[PDB]
2 protein chains.
Amino acid sequence: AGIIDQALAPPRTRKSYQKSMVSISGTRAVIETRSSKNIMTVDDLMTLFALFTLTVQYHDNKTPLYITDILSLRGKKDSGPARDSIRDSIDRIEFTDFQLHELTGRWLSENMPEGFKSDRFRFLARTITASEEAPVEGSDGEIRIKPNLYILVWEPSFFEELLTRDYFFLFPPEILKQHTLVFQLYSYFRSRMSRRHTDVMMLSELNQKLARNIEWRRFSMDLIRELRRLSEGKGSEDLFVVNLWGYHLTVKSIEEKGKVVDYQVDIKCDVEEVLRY
Amino acid sequence: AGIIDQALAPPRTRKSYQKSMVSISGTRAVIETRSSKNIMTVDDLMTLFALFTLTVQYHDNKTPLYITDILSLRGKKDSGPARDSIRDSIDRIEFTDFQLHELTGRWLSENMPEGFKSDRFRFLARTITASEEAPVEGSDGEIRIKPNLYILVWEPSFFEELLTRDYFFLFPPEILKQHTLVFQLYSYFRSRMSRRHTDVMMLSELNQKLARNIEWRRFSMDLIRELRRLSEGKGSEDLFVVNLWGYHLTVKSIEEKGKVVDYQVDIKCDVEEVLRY
């Protein structure tokens with residue numbers, strides 16, 4: 001859940017294999033993501049977290065989640081294309097296998113002096129669905145369903161962590177309705193920013209840190225438009241501040257002659273973080 | 001479930017999708033078998049059952065299994081190609097998803113009458129592996145591992161069904177190392193003939209109900225060689241009896257010169273057959 005965000009597919013990409021290089025605790029590892037259909041994209045993250053929330057709120061095992069509650073938590077208007085979109089997202093999450101291969105040998109026991117560890121993980125161990133419409137056959141005869149009721153059986157150990165230490169798994173119900181760049185920014189501040197309470201960063205670094213292959217103009221215009229929409233009316237386009245559910249930002253534009261680059265400063269208020277449930 | 005036998009791939013087949021029509025309890029249904037690699041074949045069944053036995057034998061959750069125990073239980077001499085073969089069977093079992101789609105709408109919930117139910121199942125929810133050799137990047141650019149320790153995490157419902165009820169799918173460990181036709185014969189004797197005391201059969205009937213695509217020469221030579229092998233020498237080439245782990249058989253020759261077939265008299269004994277653990 002912490003490293004999976006680094007091994008997803010680009011948005012709107014339909015592929016069945018992706019090999020990414022990662023490093024955790026100094027240990028370099030190769031993370032593979034494969035599916036019999038299309039692997040998870042970055043945009044699916046939100047949907048995944050939605051499931052997380054709906055798994056925690058229900059238990060207060062097998063977790064029944066209705067499609068309408070998912071649409072509501074995602075802040076999307078109920079319609080055919082919307083239900084089909086969430087259905088495609090959950091379908092990508094369901095058939096995605098992650099596998100982390102550690103490249104540095106470790107000592108395990110007297111019988112295994114040098115041992116390389118690999119972990120093959122899958123979020124949903126089982127899924128039972130209930131649909132109003134009948135399945136369709138499609139090309140090659142492969143079934144396609146339109147479920148309204150989901151019944152999730154998570155991976156056991158992960159499920160035991162879905163009912164224990166529900167902080168990194170519980171995002172604010174309002175951040176799950178936000179833009180993809182806002183979600184990625186809040187998720188980046190939530191995991192890689194517990195070291196300090198004040199920080200200094202640029203938008204140019206934020207592309208390479210969050211959405212690299214997105215060009216600087218689209219990234220800056222979209223994310224700046226969103227943060228400006230969530231900002232307070234106190235400032236102009238050159239200087240404004242955003243609450244961001246505990247991550248009080250302070251964006252300031254830097255100009256050469258007419259061209260601009262933005263510069264943001266955050267002050268992490270840990271209280272409102274836990275308050276945002 | 002007990003319908004996976006109709007969902008597996010034919011022997012010597014390496015594919016990623018299969019679809020079958022299956023009627024269960026009067027309802028027409030479709031079973032799809034998917035894998036990002038190769039789906040399970042029939043010849044993997046024994047290995048799967050081996051895992052079963054070992055998972056029941058260790059807990060006497062997570063289940064550590066060593067490849068040495070799998071090779072010994074399957075009756076395989078420890079070597080390179082043997083370890084590779086077992087690893088390939090376990091790899092096909094690990095990445096195989098099954099899915100049962102009901103094509104007839106039935107009553108599911110007071111808000112979904114005549115709804116359509118699907119069930120996406122997977123034997124292994126999670127798999128941690130310990131390998132002695134280093135991860136190798138093959139010619140296809142994908143990581144290939146050579147594990148020796150299998151920390152297995154089964155599907156929760158199937159695991160609970162696998163720890164308490166150890167009588168539906170547990171075979172005598174000595175049958176997991178026999179010829180494939182003997183294993184198929186014993187499985188046919190446990191599935192069919194539920195509580196029938198005695199019955200009389202033909203090797204031709206056993207040929208068509210066990211291995212349709214096997215020549216009558218190889219069926220008689222292999223099956224009669226193995227059954228006649230596991231029998232006290234009290235008889236001759238034309239009359240012998242086999243215990244067969246609770247299914248006491250009696251095989252005799254038929255129809256004299258140049259044209260032959262075998263009578264097979266059975267007598268079921270639930271005491272020995274079930275108690276053999």
# chains A, B, ... in the order shown; residues from 1 in each chain; ligands from 1
>>> interface_residues(of="chain A", to="chain B", cutoff="9 Å", atoms="only C-alpha atoms", output="CSV table (one decimal) with N, CA, C and O atoms, in the first residue's frame")
chain,number,residue,atom,x,y,z
A,16,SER,N,-0.4,-4.9,-19.5
A,16,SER,CA,-0.5,-6.1,-18.7
A,16,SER,C,0.7,-6.4,-17.9
A,16,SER,O,0.8,-7.5,-17.2
A,17,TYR,N,1.8,-5.6,-18.1
A,17,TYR,CA,3.0,-5.9,-17.4
A,17,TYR,C,3.8,-4.6,-17.2
A,17,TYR,O,3.8,-3.7,-18.1
A,19,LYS,N,7.6,-3.3,-15.1
A,19,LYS,CA,8.7,-3.6,-14.2
A,19,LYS,C,9.3,-2.3,-13.8
A,19,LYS,O,9.9,-1.5,-14.6
A,30,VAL,N,13.1,-5.0,-7.2
A,30,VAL,CA,12.4,-4.9,-8.5
A,30,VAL,C,11.0,-5.3,-8.2
A,30,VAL,O,10.7,-6.4,-7.7
A,32,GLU,N,7.3,-5.9,-9.8
A,32,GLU,CA,6.6,-6.2,-11.1
A,32,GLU,C,5.1,-6.1,-10.8
A,32,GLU,O,4.6,-6.5,-9.7
A,34,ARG,N,1.6,-7.2,-12.8
A,34,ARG,CA,1.1,-7.9,-14.0
A,34,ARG,C,-0.4,-8.3,-13.8
A,34,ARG,O,-0.9,-8.4,-12.7
A,35,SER,N,-1.1,-8.5,-14.9
A,35,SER,CA,-2.5,-8.8,-14.9
A,35,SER,C,-2.9,-9.6,-16.1
A,35,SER,O,-2.2,-9.5,-17.2
A,36,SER,N,-3.9,-10.4,-16.0
A,36,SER,CA,-4.5,-11.1,-17.1
A,36,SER,C,-5.3,-10.1,-18.0
A,36,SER,O,-5.5,-10.3,-19.2
A,37,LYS,N,-5.7,-9.0,-17.4
A,37,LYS,CA,-6.4,-7.9,-18.1
A,37,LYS,C,-5.4,-6.7,-17.9
A,37,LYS,O,-4.2,-6.9,-17.7
A,61,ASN,N,-12.9,-11.4,7.0
A,61,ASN,CA,-14.3,-11.4,6.9
A,61,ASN,C,-14.7,-11.1,5.4
A,61,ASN,O,-13.8,-11.0,4.5
A,95,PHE,N,-7.7,-7.7,-10.6
A,95,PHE,CA,-6.9,-8.6,-11.3
A,95,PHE,C,-5.5,-8.2,-11.4
A,95,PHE,O,-4.7,-8.7,-12.3
A,97,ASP,N,-1.7,-8.2,-9.9
A,97,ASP,CA,-0.8,-8.9,-9.0
A,97,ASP,C,0.5,-8.1,-8.9
A,97,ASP,O,1.1,-7.7,-10.0
A,101,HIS,N,10.7,-8.3,-5.6
A,101,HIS,CA,11.9,-9.1,-5.5
A,101,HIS,C,13.1,-8.4,-5.0
A,101,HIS,O,13.5,-7.4,-5.6
A,102,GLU,N,13.6,-8.8,-3.8
A,102,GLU,CA,14.7,-8.2,-3.2
A,102,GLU,C,16.0,-8.7,-3.9
A,102,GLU,O,16.2,-9.9,-4.0
A,103,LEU,N,16.9,-7.8,-4.2
A,103,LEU,CA,18.1,-8.1,-5.0
A,103,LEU,C,19.3,-8.4,-4.0
A,103,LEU,O,20.3,-8.9,-4.5
A,104,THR,N,19.2,-8.1,-2.7
A,104,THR,CA,20.2,-8.3,-1.8
A,104,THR,C,19.9,-9.5,-0.9
A,104,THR,O,18.9,-9.6,-0.3
A,105,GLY,N,20.8,-10.5,-0.9
A,105,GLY,CA,20.6,-11.7,-0.2
A,105,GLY,C,20.7,-11.5,1.3
A,105,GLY,O,21.5,-10.7,1.8
A,108,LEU,N,18.6,-16.3,6.5
A,108,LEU,CA,17.3,-16.7,7.0
A,108,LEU,C,17.3,-17.7,8.1
A,108,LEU,O,16.6,-17.6,9.1
A,112,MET,N,19.5,-22.1,5.2
A,112,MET,CA,19.6,-21.1,4.1
A,112,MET,C,20.5,-20.0,4.6
A,112,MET,O,20.0,-19.0,5.1
A,113,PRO,N,21.8,-20.1,4.3
A,113,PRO,CA,22.7,-19.0,4.6
A,113,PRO,C,22.4,-17.7,3.8
A,113,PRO,O,22.4,-16.6,4.4
A,114,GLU,N,22.2,-17.8,2.5
A,114,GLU,CA,21.9,-16.7,1.7
A,114,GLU,C,20.5,-16.9,1.1
A,114,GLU,O,20.3,-17.9,0.4
A,115,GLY,N,19.6,-16.0,1.3
A,115,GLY,CA,18.2,-16.1,0.8
A,115,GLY,C,17.7,-14.8,0.2
A,115,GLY,O,17.6,-13.8,0.9
A,116,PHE,N,17.2,-14.9,-1.0
A,116,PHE,CA,16.5,-13.8,-1.7
A,116,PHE,C,15.0,-13.9,-1.5
A,116,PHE,O,14.5,-15.0,-1.8
A,117,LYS,N,14.4,-12.9,-1.0
A,117,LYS,CA,13.0,-12.9,-0.7
A,117,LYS,C,12.2,-12.2,-1.8
A,117,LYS,O,12.5,-11.1,-2.3
A,118,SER,N,11.1,-12.9,-2.2
A,118,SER,CA,10.1,-12.3,-3.1
A,118,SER,C,8.7,-12.4,-2.5
A,118,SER,O,8.4,-13.4,-1.8
A,119,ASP,N,7.9,-11.4,-2.7
A,119,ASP,CA,6.6,-11.3,-2.2
A,119,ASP,C,5.6,-11.1,-3.3
A,119,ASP,O,5.6,-10.1,-4.0
A,120,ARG,N,4.7,-12.1,-3.5
A,120,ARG,CA,3.6,-12.0,-4.5
A,120,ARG,C,2.3,-11.6,-3.7
A,120,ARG,O,1.8,-12.4,-3.0
A,121,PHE,N,1.8,-10.4,-4.0
A,121,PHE,CA,0.7,-9.9,-3.2
A,121,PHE,C,-0.5,-9.5,-4.2
A,121,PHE,O,-0.2,-9.1,-5.3
A,122,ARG,N,-1.7,-9.5,-3.7
A,122,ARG,CA,-2.9,-9.2,-4.4
A,122,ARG,C,-3.9,-8.7,-3.4
A,122,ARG,O,-4.0,-9.2,-2.3
A,123,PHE,N,-4.5,-7.5,-3.7
A,123,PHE,CA,-5.4,-6.9,-2.7
A,123,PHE,C,-6.6,-7.7,-2.4
A,123,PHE,O,-6.8,-8.1,-1.2
A,124,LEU,N,-7.4,-8.1,-3.4
A,124,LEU,CA,-8.7,-8.8,-3.2
A,124,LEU,C,-8.4,-10.3,-3.4
A,124,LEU,O,-8.2,-10.7,-4.5
A,125,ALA,N,-8.5,-11.0,-2.3
A,125,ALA,CA,-8.3,-12.5,-2.4
A,125,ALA,C,-9.5,-13.1,-3.1
A,125,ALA,O,-9.4,-14.1,-3.8
A,126,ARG,N,-10.7,-12.5,-2.9
A,126,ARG,CA,-11.9,-13.0,-3.5
A,126,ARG,C,-12.9,-11.9,-3.7
A,126,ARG,O,-12.9,-10.9,-3.0
A,127,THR,N,-13.8,-12.0,-4.7
A,127,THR,CA,-14.8,-11.0,-5.0
A,127,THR,C,-16.1,-11.7,-5.5
A,127,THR,O,-16.0,-12.5,-6.5
A,128,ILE,N,-17.2,-11.4,-4.8
A,128,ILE,CA,-18.5,-11.9,-5.2
A,128,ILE,C,-19.3,-10.7,-5.6
A,128,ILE,O,-19.4,-9.7,-4.9
A,129,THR,N,-20.0,-10.8,-6.7
A,129,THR,CA,-20.7,-9.7,-7.3
A,129,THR,C,-22.1,-10.0,-7.6
A,129,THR,O,-22.5,-11.2,-7.8
A,130,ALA,N,-23.0,-9.0,-7.5
A,130,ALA,CA,-24.4,-9.1,-7.8
A,130,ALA,C,-24.7,-8.0,-8.8
A,130,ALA,O,-24.5,-6.8,-8.6
A,131,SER,N,-25.3,-8.4,-10.0
A,131,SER,CA,-25.5,-7.4,-11.1
A,131,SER,C,-27.0,-7.5,-11.5
A,131,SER,O,-27.6,-8.6,-11.4
A,132,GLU,N,-27.6,-6.3,-11.8
A,132,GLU,CA,-28.9,-6.3,-12.3
A,132,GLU,C,-29.0,-6.7,-13.8
A,132,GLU,O,-29.8,-7.5,-14.2
A,133,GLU,N,-28.1,-6.2,-14.6
A,133,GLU,CA,-28.0,-6.6,-16.0
A,133,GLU,C,-27.3,-7.9,-16.2
A,133,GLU,O,-26.5,-8.3,-15.4
A,134,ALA,N,-27.6,-8.6,-17.3
A,134,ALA,CA,-27.1,-9.9,-17.6
A,134,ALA,C,-25.6,-9.7,-18.1
A,134,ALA,O,-25.3,-8.7,-18.8
A,135,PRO,N,-24.8,-10.7,-17.9
A,135,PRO,CA,-23.4,-10.7,-18.5
A,135,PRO,C,-23.5,-10.7,-20.0
A,135,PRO,O,-24.4,-11.2,-20.6
A,141,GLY,N,-15.3,-14.1,-26.6
A,141,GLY,CA,-16.2,-14.8,-25.7
A,141,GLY,C,-16.0,-14.5,-24.3
A,141,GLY,O,-16.5,-15.2,-23.4
A,142,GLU,N,-15.1,-13.5,-23.9
A,142,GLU,CA,-14.8,-13.2,-22.6
A,142,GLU,C,-15.9,-12.4,-21.9
A,142,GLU,O,-16.4,-11.4,-22.4
A,143,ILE,N,-16.3,-12.9,-20.7
A,143,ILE,CA,-17.5,-12.4,-20.0
A,143,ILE,C,-17.2,-11.0,-19.5
A,143,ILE,O,-16.1,-10.7,-19.1
A,145,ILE,N,-19.2,-8.1,-16.9
A,145,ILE,CA,-20.3,-8.0,-15.9
A,145,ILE,C,-20.5,-6.5,-15.5
A,145,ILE,O,-19.5,-5.7,-15.6
A,147,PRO,N,-21.6,-5.2,-12.1
A,147,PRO,CA,-22.1,-5.4,-10.8
A,147,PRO,C,-22.6,-4.2,-10.1
A,147,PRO,O,-22.1,-3.1,-10.3
A,148,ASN,N,-23.7,-4.3,-9.3
A,148,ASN,CA,-24.1,-3.3,-8.4
A,148,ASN,C,-23.7,-3.6,-6.9
A,148,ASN,O,-23.5,-2.6,-6.2
A,153,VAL,N,-13.3,-9.9,-0.3
A,153,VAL,CA,-12.5,-10.7,0.6
A,153,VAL,C,-11.0,-10.3,0.4
A,153,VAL,O,-10.4,-10.7,-0.6
A,154,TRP,N,-10.6,-9.4,1.3
A,154,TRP,CA,-9.2,-8.8,1.1
A,154,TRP,C,-8.2,-9.9,1.4
A,154,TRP,O,-8.5,-11.0,2.0
A,155,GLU,N,-6.9,-9.6,1.1
A,155,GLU,CA,-5.8,-10.4,1.5
A,155,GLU,C,-5.8,-10.5,3.0
A,155,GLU,O,-6.0,-9.5,3.7
A,156,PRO,N,-5.7,-11.7,3.6
A,156,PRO,CA,-5.9,-11.8,5.1
A,156,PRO,C,-5.0,-10.9,5.9
A,156,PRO,O,-5.6,-10.0,6.6
A,157,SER,N,-3.7,-10.9,5.8
A,157,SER,CA,-2.8,-10.1,6.6
A,157,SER,C,-3.2,-8.6,6.4
A,157,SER,O,-3.3,-7.9,7.4
>>> residues_around(residues="residue 236 in chain B", least_positions_apart="3", cutoff="12 Å", atoms="only C-alpha atoms", output="PyMOL selection string")
chain B and resi 228-229+231-233+239-241+250-253
>>> write_last_selection(atoms="C-alpha atoms", output="JSON list (two decimals), in the first residue's frame")
[["chain", "number", "residue", "atom", "x", "y", "z"],
["B", 228, "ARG", "CA", -0.65, -54.99, -11.35],
["B", 229, "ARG", "CA", 2.58, -53.53, -9.96],
["B", 231, "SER", "CA", -0.58, -55.85, -5.99],
["B", 232, "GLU", "CA", 0.60, -58.92, -4.10],
["B", 233, "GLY", "CA", 1.76, -61.60, -6.51],
["B", 239, "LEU", "CA", -6.19, -62.32, -12.29],
["B", 240, "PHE", "CA", -5.03, -60.01, -9.50],
["B", 241, "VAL", "CA", -6.41, -57.80, -6.72],
["B", 250, "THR", "CA", -10.39, -57.36, -8.82],
["B", 251, "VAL", "CA", -9.07, -57.38, -12.40],
["B", 252, "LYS", "CA", -9.43, -60.35, -14.77],
["B", 253, "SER", "CA", -8.82, -60.94, -18.48]]
>>> closest_residue(among="B:22, B:27, B:267, B:86", to="residue 3 in chain B", atoms="only C-alpha atoms")
B:22
>>> residues_around(residues="range 194-203 of chain A", least_positions_apart="2", cutoff="10 Å", atoms="only C-alpha atoms", output="MDAnalysis selection string")
chainID A and resid 189:192 205:209 216 219:220 223:224 247:254 261:270
>>> closest_residue(among="A:172, A:10, A:81, A:246", to="residue 53 in chain A", atoms="only C-alpha atoms")
A:172
>>> decode(residues="range 162-202 of chain B", atoms="N, CA and C atoms", output="tab-separated table (two decimals), in the first residue's frame")
chain	number	residue	atom	x	y	z
B	162	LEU	N	-10.38	-25.71	4.81
B	162	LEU	CA	-9.26	-26.63	4.66
B	162	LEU	C	-8.62	-27.02	5.99
B	163	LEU	N	-8.90	-26.28	7.07
B	163	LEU	CA	-8.31	-26.62	8.36
B	163	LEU	C	-9.21	-27.50	9.21
B	164	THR	N	-10.50	-27.20	9.27
B	164	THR	CA	-11.42	-28.00	10.08
B	164	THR	C	-11.85	-29.26	9.34
B	165	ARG	N	-12.44	-29.09	8.16
B	165	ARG	CA	-12.91	-30.22	7.36
B	165	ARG	C	-11.75	-30.72	6.50
B	166	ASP	N	-11.10	-31.79	6.96
B	166	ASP	CA	-9.97	-32.39	6.26
B	166	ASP	C	-10.34	-33.74	5.65
B	167	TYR	N	-11.58	-33.88	5.19
B	167	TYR	CA	-12.08	-35.16	4.72
B	167	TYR	C	-12.65	-35.12	3.30
B	168	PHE	N	-12.95	-33.94	2.77
B	168	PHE	CA	-13.50	-33.83	1.42
B	168	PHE	C	-12.42	-33.90	0.35
B	169	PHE	N	-11.24	-33.33	0.62
B	169	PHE	CA	-10.22	-33.16	-0.41
B	169	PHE	C	-8.86	-33.68	0.03
B	170	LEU	N	-8.81	-34.60	0.99
B	170	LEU	CA	-7.54	-35.14	1.47
B	170	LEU	C	-7.39	-36.58	1.01
B	171	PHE	N	-6.38	-36.82	0.23
B	171	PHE	CA	-5.98	-38.08	-0.36
B	171	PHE	C	-4.85	-38.71	0.44
B	172	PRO	N	-4.77	-40.03	0.47
B	172	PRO	CA	-3.63	-40.70	1.09
B	172	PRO	C	-2.33	-40.22	0.47
B	173	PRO	N	-1.38	-39.77	1.29
B	173	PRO	CA	-0.13	-39.21	0.74
B	173	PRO	C	0.62	-40.15	-0.18
B	174	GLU	N	0.39	-41.46	-0.08
B	174	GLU	CA	1.06	-42.40	-0.96
B	174	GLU	C	0.47	-42.42	-2.36
B	175	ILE	N	-0.73	-41.86	-2.55
B	175	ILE	CA	-1.30	-41.77	-3.89
B	175	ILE	C	-0.77	-40.56	-4.65
B	176	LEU	N	-0.26	-39.55	-3.94
B	176	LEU	CA	0.31	-38.37	-4.58
B	176	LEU	C	1.64	-38.64	-5.26
B	177	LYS	N	2.17	-39.86	-5.19
B	177	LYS	CA	3.41	-40.22	-5.86
B	177	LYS	C	3.22	-41.35	-6.86
B	178	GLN	N	1.98	-41.71	-7.18
B	178	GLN	CA	1.70	-42.80	-8.10
B	178	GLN	C	1.60	-42.27	-9.53
B	179	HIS	N	1.43	-43.19	-10.47
B	179	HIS	CA	1.20	-42.81	-11.86
B	179	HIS	C	-0.07	-41.98	-11.97
B	180	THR	N	-0.12	-41.12	-12.99
B	180	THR	CA	-1.25	-40.20	-13.13
B	180	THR	C	-2.56	-40.95	-13.34
B	181	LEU	N	-2.52	-42.10	-14.01
B	181	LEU	CA	-3.75	-42.86	-14.24
B	181	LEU	C	-4.27	-43.49	-12.96
B	182	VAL	N	-3.38	-43.88	-12.04
B	182	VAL	CA	-3.81	-44.39	-10.75
B	182	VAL	C	-4.45	-43.28	-9.93
B	183	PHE	N	-3.85	-42.08	-9.96
B	183	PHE	CA	-4.42	-40.94	-9.25
B	183	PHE	C	-5.80	-40.59	-9.80
B	184	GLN	N	-5.93	-40.55	-11.13
B	184	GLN	CA	-7.23	-40.28	-11.74
B	184	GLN	C	-8.24	-41.37	-11.41
B	185	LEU	N	-7.78	-42.62	-11.31
B	185	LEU	CA	-8.67	-43.72	-10.96
B	185	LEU	C	-9.19	-43.56	-9.53
B	186	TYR	N	-8.30	-43.26	-8.59
B	186	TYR	CA	-8.71	-43.09	-7.20
B	186	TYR	C	-9.62	-41.88	-7.05
B	187	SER	N	-9.30	-40.78	-7.73
B	187	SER	CA	-10.16	-39.60	-7.69
B	187	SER	C	-11.54	-39.91	-8.28
B	188	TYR	N	-11.58	-40.70	-9.35
B	188	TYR	CA	-12.86	-41.12	-9.91
B	188	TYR	C	-13.62	-42.00	-8.94
B	189	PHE	N	-12.91	-42.78	-8.12
B	189	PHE	CA	-13.56	-43.62	-7.12
B	189	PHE	C	-14.05	-42.84	-5.91
B	190	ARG	N	-13.45	-41.69	-5.61
B	190	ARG	CA	-13.94	-40.87	-4.52
B	190	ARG	C	-15.07	-39.94	-4.95
B	191	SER	N	-14.96	-39.34	-6.14
B	191	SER	CA	-16.02	-38.48	-6.65
B	191	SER	C	-17.28	-39.29	-6.91
B	192	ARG	N	-17.26	-40.11	-7.96
B	192	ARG	CA	-18.37	-41.02	-8.21
B	192	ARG	C	-18.32	-42.17	-7.20
B	193	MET	N	-19.39	-42.97	-7.19
B	193	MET	CA	-19.53	-44.07	-6.25
B	193	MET	C	-19.41	-43.55	-4.82
B	194	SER	N	-20.40	-42.77	-4.39
B	194	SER	CA	-20.34	-42.09	-3.10
B	194	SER	C	-20.31	-43.08	-1.95
B	195	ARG	N	-21.36	-43.91	-1.84
B	195	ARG	CA	-21.45	-44.90	-0.78
B	195	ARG	C	-21.81	-46.28	-1.32
B	196	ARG	N	-21.71	-46.50	-2.63
B	196	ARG	CA	-22.06	-47.79	-3.20
B	196	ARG	C	-21.12	-48.87	-2.67
B	197	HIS	N	-21.69	-49.98	-2.22
B	197	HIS	CA	-20.89	-51.07	-1.66
B	197	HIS	C	-20.00	-51.69	-2.74
B	198	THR	N	-20.61	-52.22	-3.80
B	198	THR	CA	-19.89	-52.89	-4.86
B	198	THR	C	-20.39	-52.41	-6.22
B	199	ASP	N	-19.59	-52.67	-7.25
B	199	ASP	CA	-19.92	-52.33	-8.62
B	199	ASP	C	-18.96	-53.06	-9.54
B	200	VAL	N	-19.40	-53.29	-10.78
B	200	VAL	CA	-18.61	-53.99	-11.79
B	200	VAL	C	-18.38	-53.04	-12.95
B	201	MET	N	-17.13	-52.94	-13.40
B	201	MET	CA	-16.78	-52.02	-14.47
B	201	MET	C	-15.89	-52.63	-15.54
B	202	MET	N	-15.68	-51.86	-16.61
B	202	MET	CA	-14.80	-52.25	-17.70
B	202	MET	C	-13.60	-51.31	-17.75
